[PDB]
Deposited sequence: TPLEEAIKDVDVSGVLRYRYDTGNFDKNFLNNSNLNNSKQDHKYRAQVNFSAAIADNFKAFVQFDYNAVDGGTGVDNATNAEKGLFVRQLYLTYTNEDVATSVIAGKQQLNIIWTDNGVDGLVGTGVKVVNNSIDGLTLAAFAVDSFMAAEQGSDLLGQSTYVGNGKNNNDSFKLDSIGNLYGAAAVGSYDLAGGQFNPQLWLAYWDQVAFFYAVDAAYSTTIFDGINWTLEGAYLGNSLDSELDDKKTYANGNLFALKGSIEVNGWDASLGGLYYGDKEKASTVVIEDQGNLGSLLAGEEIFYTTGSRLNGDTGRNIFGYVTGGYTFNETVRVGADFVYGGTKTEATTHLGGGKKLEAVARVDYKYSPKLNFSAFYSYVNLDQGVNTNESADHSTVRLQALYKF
């Protein structure tokens, strides 16, 4: 078929993202597989998605991914990525409009509350059933048979490590094997008179790991002023393979945030409570799940003992953010996060007071092209040697194009 013709049944979207990241560390800082260790690297992430109508009620979707690094520093003057595109997602979508339901089967980015829903979200193979028969309500069941785990490295539960006690790869949350994942979801979006309300309810059973359960709600509204409030609880109870190890513990997390917009000024205040002093627990499956609206900073929740994807210790944190937006074009702003981790100091690492300040610029050049930067300073009250404390700077420049 003439390509001119073939492309008419096709839709394209994607992402092009560049990153110049440099992360530094005091010798006393508790480093691990999740903190930013870039050394003036140029990083590329490109994704191109094609969706094609292939028959009545059937679309096919593919995503191509380019994930590559070029060096700057030292011997990295020869590191220059010679890489190709990889098929990252490949799946079929049956849609029946009469019953406002879709079946999506294949290798797909999961986009559940316990995984990143953006560029680097966990991908697996399985089936998703999604219903929109009710006004303002999305109902879904899903089953995953396998996970694209290698690509995710230390983003995935059970694949994070940390430094300490003369070993670079102490396992943050040992997971000897994994099963299939089964779950469901209800996700509401409603116009009250006052404004929009977004409740969410998530259940899943990950065989050999845990039964997860979560609720999250957001209210948002007008008056020229805008304010949102958002809360969430995520908990899980362990499967018996972990329960019998004795050194794991059912997860709990509480988080709340409120925020304000007026005249270009924006600000937010929020906090959260999670983990267990003595035993390993997790909040999410991959990275920080879909909880970004209930977080702040960049690095602080990657410190040892404070990671949301497996770690040991009890965490309390509060944060504030603020920024001004010149002409709806450039935003200068900052984040401040403060809190701590409690551990059993005899057996586990990362306990103590922690803080982070972040300065930010976000420049909206066009509706599709943004440039952004941040400077993050993180301080640990007690480092490798717990008597002294420890610094960790991270600087990023970023270009990001969406299409």
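Of the deposited sequence, just the range 224-225 has no C-alpha coordinates according to the record.
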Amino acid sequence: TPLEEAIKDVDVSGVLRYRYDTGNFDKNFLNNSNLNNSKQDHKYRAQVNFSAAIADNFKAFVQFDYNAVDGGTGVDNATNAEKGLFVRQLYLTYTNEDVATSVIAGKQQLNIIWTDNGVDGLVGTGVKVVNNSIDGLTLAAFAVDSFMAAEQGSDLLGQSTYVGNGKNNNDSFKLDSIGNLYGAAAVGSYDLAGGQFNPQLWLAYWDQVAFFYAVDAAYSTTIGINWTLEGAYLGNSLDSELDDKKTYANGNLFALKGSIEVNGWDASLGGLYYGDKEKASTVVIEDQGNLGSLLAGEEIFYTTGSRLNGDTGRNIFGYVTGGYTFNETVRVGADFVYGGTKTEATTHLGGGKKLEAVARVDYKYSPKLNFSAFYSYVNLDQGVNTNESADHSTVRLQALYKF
From here on, numbers count along this sequence of modelled residues.
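Between the stretches 110-118 and 264-272, it is 264-272 that shows the larger average CA temperature factor.
Mean CA temperature factor is higher for 323-331 when stretches 323-331 and 273-281 are set side by side in the entry. Comparing C-alpha B-factors across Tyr91, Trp227, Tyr94, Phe254 in the deposited entry, the largest value falls on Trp227. When the C-alpha B-factors of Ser177, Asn131, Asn250, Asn168 are ranked from the entry, the top spot goes to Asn168. In the deposited entry, the Cα temperature factor of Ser393 places it in the highest third of its chain's modelled residues.
Among the modelled residues of its chain, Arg45 has a C-alpha B-factor that falls in the lowest third according to the deposited record. In the PDB entry, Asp65 places in the lowest third of its chain by CA B-factor.
Ranked by C-alpha B-factor against the other modelled residues of its chain, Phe58 falls in the lowest third. When the CA B factors of the chain's modelled residues are split into thirds, the value for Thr386 lands in the highest one.
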